Amino acid sequence: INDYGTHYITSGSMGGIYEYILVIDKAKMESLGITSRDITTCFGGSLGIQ
Amino acid sequence: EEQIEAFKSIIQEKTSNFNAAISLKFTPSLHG
């Protein structure tokens, strides 16, 4: 079997083969996050007794 | 490709004031 093969040819053709593969893939991901917080507190008062 | 950015900003401010004014004048020769 190893000397003469597992199979033999019964028919076919004698042509050529040209196989070209052009594969492309792209993945773009962007994430932007902005958080701003401001707080202000002011309290003042004067008293007068005389 | 990898990109990361982080910004931080903190500001603090405090102000305090205090006054005290008291007068005394006693006159019932005597004067104050």
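Residues numbered from 1 in each chain as written, not as in the entry; some residues may be left out. Chains lettered and ligands numbered in written order. Part of a larger assembly, values for the part shown. Heavy atoms only, no water.

Asker: Just give me the short version of the overall build of chain A, but keep the residues and values in it.
Answerer: Looking only at helices and strands, one finds zero helices and zero strands in chain A. Dimensions of chain A, computed from the C-alpha atoms along their principal axes, are close to 125 × 25 × 15 Å. Each of the 50 residues in chain A was classed as buried or not, and the buried ones make up 0%. (Helix = DSSP H or I, 4+ residues; strand = E, 2+ residues; numbered from the N terminus. Buried < 20%, exposed > 50% of the residue type's maximum accessible area, 1.4 Å probe, protein only.)

Asker: Explain the overall build of chain B to me, and be specific about the residues and the numbers.
Answerer: Helix and strand counts for chain B come out as zero helices and zero strands. C-alpha extents for chain B along the principal axes are approximately 95 × 10 × 5 Å. Expressed as a percentage of the 32 residues in chain B, the buried residues total 0%. When the accessible surface of chain B is summed, it comes to about 4,500 Å², and 52% of that surface belongs to carbon and sulfur atoms. (Areas by Shrake-Rupley, 256 points an atom, 1.4 Å probe, with all protein chains shown as cover.)

Asker: Got a sec to walk through the pattern of salt bridges? Specific residues and values, please.
Answerer: Residues and elements named next belong to chain A. This structure, assessed with the given rule, holds one salt bridge over all chains. One salt bridge in this structure joins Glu-30 and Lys-28, with 3.9 Å as the shortest N-O distance. Residue classification places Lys-28 among the exposed residues on the basis of a relative accessible area of 68%. (Salt bridge = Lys/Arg side-chain N within 4 Å of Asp/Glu carboxyl O.)

Asker: Residues and numbers for a nonpolar patch on the surface, please.
Answerer: A surface patch of nonpolar side chains, amounting to about 610 Å² of accessible area, comprises A:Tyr18, A:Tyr20, A:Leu22 and A:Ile24. Assessed through its relative accessible area of 75%, A:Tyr18 is described here as exposed. (Patch = residues over 30% accessible without salt bridge, like charges linked within 9 Å, V, L, I, M, F, W, Y side chains within 5 Å.)

Purely geometric numbers; function is a separate question.
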